[PDB]
């Protein structure tokens, strides 16, 4: 199976998360394509992928709390080929904030509205993902199993 991992990361937490997930998948036998949201084009992004994992950090704001690099993707999610696609979301945040990993909720909700198949509840990481290594690995483990 082929998996696409797209992440929006500002300080590198979600990026570390994405790489950890990517390794787990790889070791399981998937061909994984991991990409920074800043370098992708939305049109047909998901074509040909068996699994798509989208991740992004959350930023407190009155309009849009998504990580800046992920915004363009999010705004054109309807052109990615999400209908009937098996997907799962992840993101880093901080429980000291009102909307803890609110970006995860937003992405899941929009994917659900576009007809994607959410395979598992999103991975919401509080603080340093290097300290949540087990959680990431375990979650990656569960999404493979839901596929």
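Residue numbers count along the first chain shown, from 1.
Judged by mean Cα B factor in the deposited record, 95 to 103 ranks above the other of 95 to 103 and 47 to 55. Per-stretch averaging of Cα B factors for 8 to 16 and 123 to 131 places 123 to 131 on top. Residue set 36, 68, 61, 79: peak C-alpha B-factor at 61 (per PDB entry). Out of 26, 42, 88, 116, the entry records its largest CA B-factor for 26.
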